[PDB]
Amino acid sequence: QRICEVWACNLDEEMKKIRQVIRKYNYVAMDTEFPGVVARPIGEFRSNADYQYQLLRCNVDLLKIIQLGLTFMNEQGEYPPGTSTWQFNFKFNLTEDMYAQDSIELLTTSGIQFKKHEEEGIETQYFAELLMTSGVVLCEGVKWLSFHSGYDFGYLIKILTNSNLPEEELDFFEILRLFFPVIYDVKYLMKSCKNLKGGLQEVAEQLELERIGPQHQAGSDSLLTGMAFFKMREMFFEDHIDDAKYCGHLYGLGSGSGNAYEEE
Amino acid sequence: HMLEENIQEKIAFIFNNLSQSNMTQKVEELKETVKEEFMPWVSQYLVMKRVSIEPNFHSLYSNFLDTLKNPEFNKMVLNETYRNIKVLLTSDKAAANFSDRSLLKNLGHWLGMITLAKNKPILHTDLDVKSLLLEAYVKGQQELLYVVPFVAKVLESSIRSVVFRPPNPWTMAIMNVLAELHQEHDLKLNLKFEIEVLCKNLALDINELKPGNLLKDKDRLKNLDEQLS
Amino acid sequence: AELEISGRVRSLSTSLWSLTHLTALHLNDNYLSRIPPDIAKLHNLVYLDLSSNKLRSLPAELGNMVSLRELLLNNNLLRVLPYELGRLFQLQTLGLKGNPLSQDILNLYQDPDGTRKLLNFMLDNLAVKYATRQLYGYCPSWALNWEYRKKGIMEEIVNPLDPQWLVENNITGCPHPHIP
């Protein structure tokens, strides 16, 4: 029961629970699955300071999110009883939507039932209508955890605004702090931890965590991200993180100055 | 009546005379006359005795909270607003209760300014707007005249917030419910007017909206969580 | 002004389609089946590398991005081309190699200046003094012939200019064969 898979059917049912776990479990871990990147931007060059951002915007306005994984914990790294993770699965049609070949083959190998997604997936904008008035976003007190997640939050903003991402890197962080006042990107906090480097799974193997659930899927990646966060905090940061030094610095992005895309 | 007369008029004098320039003064005047435990009753005083009747000074009553910079108090204010609105929504309604409806409209406006305008949501555990609209539809024209001008005053604040500004999916969802309402033939004329005015207030075309078919569900309308009496 | 989408794209979405500021767009090395007619939005499009695709039939609306000056269509599945394409007169390079076109089209394209000879033929066959092709594009060759516009000149000699006709179509290009 540890990870509750959520479809267009049982979305509201589990939303009812989530509006009650967020009262007792305010720390939220997240990772996203999406059709990769399909386009390089434009007339910008790899020399512009904010190129990583425009590269993010190009492929986020263009593509749709596939999976969202949310794990709920508290200040001391404990999970709520029963389901601690929800794996939201969105509506994605292969016949009609874009993607990179390799990313879809990888997601299929991991265990994505693209046909079941096609018939029974959640629509993104109604999930936005719900997550809005839930307390998970926009409300002070919640602290978001993530990993190498410029694109993850890019898609979250794309969905919550029902609009294309703003044209400059500055406005994006503006609206982003509004929806997510507190963010800890583990990939950026690692920039102060000697002898930690690598993707999510490599770091997970270094920290002696046990991966619960299917690899490369959003829910299990988020649960493992939370394990990594609370295992690393007690280890390197002495069980506390300076807000001024690490809050909101998305890895690869200009905040906290090196690619922003969660490369394999 | 909620406080000793000596404790009542004291917090009354703070809010009696208020303006832009004397803002900082009256804030400090509140902070060193009023014990930090009467803050629930100063919250009750502001919501019940001041905000509920005086929409004009709402702006000022916001700046004060912005000047006071006290979060626990803002939370008490939010809860008091929610409670008063709950009282009006479950009261015995009548075609003569204009006082109660006017109070509800102003309380709505206030709620829109303290939540949406501040980039803060109206929690589904605190209040369900869409469900309130659908329930008002099934319960008759009276509940509609109670609810619609109230939801209008909450959504008018969505424009000054970069978040809930159009095309925000939740804002647009409530707008789609209101547009699905605007198309009925027997909807009261002033409510159609109220809706059109809201559309103008949020810089939207009432025709480019995307009405749903929520009102023909019948089955779903029979299974709404009752927020009204 | 120049986008290049890679990674074997099956089908394109409609957010692309919304970035008018683009003066060029590349879709090379993808698995595109066709091009949504909605490409017309991107009016600033001057260069379109639709090569290395699997396009069986080009959209007819394609031939309205007049600013488009270089169009790459090699390595595909096009059996013929939309005659409407002949409209695009500012086109400077028409790449058609590797397509199973008919012999008559291939003969016109293999000539010296075969790009212009093919576009002039299409425009002359599109369904409806000095003054030459090279300056007046909009009038097809059969219409710039002095005999055709003398006919309409004489009719006006014997004889409400609503711009409505030219909004979507924009038949803005003048002596369009009605006009002398």
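Method of determination, as annotated in the archive: X-ray crystallography, at 4.38 Å resolution.

Looking now at the arrangement of the chains. Contacts are most numerous between chains A and B, considering all two pairs of chains that are in contact. Spatially, chain B and chain C are disjoint, and the shortest separation between their C-alpha atoms is 16 Å.

A word on the nonpolar core. Counting residues in each nonpolar core, the largest one holds 167 residues, and the members touching the most others are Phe88, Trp144, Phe179 and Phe180 of chain A together with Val151 and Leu155 of chain B. The element that contributes the greatest number of residues to this core is helix α8 (residues 141-155) of chain B, accounting for nine residues. Not counting residues up to four positions away in its chain, the partners in contact with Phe179 of chain A are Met132, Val137, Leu138, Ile157 and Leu160 of chain A together with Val163 of chain B. Counting 30 residues, the second largest nonpolar core, distinct from the first, contains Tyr188, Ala204, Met232 and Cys247 of chain A.

Once that is clear, we can look at the interface of chain C and chain A. Often, the extent of an interface is quoted as the loss of accessible area on bringing the components together. The partner chain A presents 17 residues to the 18 residues of chain C that form the contact. Between chain C and chain A, a total of about 1,300 Å² is buried, with carbon and sulfur atoms accounting for 51% of that surface. Between chain C and chain A we count zero salt bridges in total.

Here the focus is the pattern of salt bridges. For the structure shown, the criterion picks out 19 salt bridges over all chains. Notably, a salt bridge pairs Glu226 of chain B with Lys139 of chain B, separated by 3.6 Å at the nearest N-O pair. Taken together, the positions of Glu226 of chain B in the segment after α10 (189-201) and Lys139 of chain B in helix α7 (residues 129-139) put the pair 87 residues apart, joining distant regions of the chain. On the accessibility criterion, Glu226 of chain B (62% relative accessible area) is exposed. Relative accessible area serves as the criterion here: at 28%, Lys139 of chain B is assigned to the partly exposed category. By sharing partners, the salt bridges in this structure join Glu75, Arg233 and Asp239 of chain A into a single network.

Let's shift gears to the side chain of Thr85 of chain A. All names here are of chain A. Assignment of secondary structure puts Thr85 in strand β5 (residues 85-89). Since its relative accessible area comes to 0%, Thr85 is described here as buried. At a separation of 3.2 Å, a polar atom in the side chain of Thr85 contacts the side chain of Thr71. Not counting chain neighbours up to four residues away, the residues in contact with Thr85 comprise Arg2, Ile3, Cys4, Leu70, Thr71, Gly219, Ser222 and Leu223.

A word on the sheet that holds strand β4 (residues 67-73) of chain A. All names here are of chain A. Pairing is mixed in the open sheet, where six strands are placed in the order β1-β5-β4-β2-β6-β7. Among the strands making up the open sheet, the edge pair consists of β1 (3-6) and β7 (183-185). Neighbour-to-neighbour, the strand axes of the sheet open up by a mean angle of 20°, direction not taken into account. Alignment of strand β2 (residues 27-33) against β4, held across seven bridges, turns out to be antiparallel. Looking across to β4, one finds that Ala29 is bridged to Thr71. The strands touched by helix α6 (residues 150-161) within the sheet are β2, β4, β6 (143-146) and β7, with β2 carrying the most contacts at an inclination of about 95°.

Another aspect to go through is helix α5 (residues 124-132) of chain A. Along α5 of chain A, seven of the nine residues are buried, which leaves the element largely enclosed by surrounding structure. Every buried residue of α5 of chain A is accounted for by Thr124, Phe127, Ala128, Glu129, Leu130, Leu131 and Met132 of chain A.

This part covers the sheet that holds strand β5 (residues 93-95) of chain C. With mixed pairing, six strands are arranged side by side in an open sheet as β3(A)-β1(C)-β2(C)-β3(C)-β4(C)-β5(C). Edge positions in the sheet fall to β3 (39-40) of chain A together with β5 of chain C, since each of these pairs with one other strand and no more.

Right, let's talk about the interface of chain A and chain B for a bit. Facing 22 residues of chain A, the contacting portion of chain B comprises 16 residues. Here chain A meets chain B over a buried area of about 1,500 Å², counting both sides, of which 66% is carbon and sulfur. The three residues of chain A that bury the most area against chain B are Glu129, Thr133 and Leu138 of chain A, which together make up 39% of that side's buried surface. Where chain A packs against chain B, one counts one salt bridge. Counting across the interface, chain A meets chain B through four residue pairs in polar contact. Mapped onto the side of chain A that touches chain B, the elements with two or more residues apiece are α1 (11-24), α5, α6 and α7 (169-179) of chain A. Counted by class, the side of chain A that touches chain B contains eleven nonpolar, eight polar and three charged residues.

This part takes up the environment of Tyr25 of chain A. All names here are of chain A. By secondary structure assignment, the location of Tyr25 is in the loop between α1 and β2. The class of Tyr25 is buried, set by a relative accessible area of 15%. Along the primary structure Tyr25 and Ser84 are separated by 59 residues, whereas in three dimensions their C-alpha atoms are 9.5 Å apart. Setting aside anything within four residues of it in sequence, one finds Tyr25 in contact with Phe72, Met73, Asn74, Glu78, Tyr79, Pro80 and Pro81.

So, about a nonpolar patch on the surface. All names here are of chain C. On the surface, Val66, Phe89 and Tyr138 cluster together to form a nonpolar patch covering roughly 250 Å² of accessible area. Positionally, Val66 belongs in the loop between β3 (47-49) and β4 (70-72). You can call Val66 partly exposed: its relative accessible area is 39%.

How each quantity is defined
- Residues numbered from 1 in each chain as written, not as in the entry; some residues may be left out.
- Chains lettered and ligands numbered in written order.
- Heavy atoms only, no water.
- Residues with missing side-chain atoms left out of burial classes, pairs and counts.
- Contact = heavy atoms within 4.5 Å.
- Core = buried A, V, L, I, M, F, W, Y, C linked by side-chain atoms within 4.5 Å.
- Buried < 20%, exposed > 50% of the residue type's maximum accessible area, 1.4 Å probe, protein only.
- Helix = DSSP H or I, 4+ residues; strand = E, 2+ residues; numbered from the N terminus.
- Buried area = accessible area lost by both parts, 1.4 Å probe.
- Salt bridge = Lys/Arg side-chain N within 4 Å of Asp/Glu carboxyl O.
- Polar contact = N/O pair within 3.5 Å; in protein donor to acceptor, adjacent residues only side chain to side chain.
- Pairing = 2+ DSSP bridges.
- Axes fitted to C-alpha atoms, helices over the stretch in contact; angles between N-to-C directions.
- Nonpolar A, V, L, I, M, F, W, Y, C, P; charged D, E, K, R; others polar.
- Patch = residues over 30% accessible without salt bridge, like charges linked within 9 Å, V, L, I, M, F, W, Y side chains within 5 Å.
- Areas by Shrake-Rupley, 256 points an atom, 1.4 Å probe, with all protein chains shown as cover.

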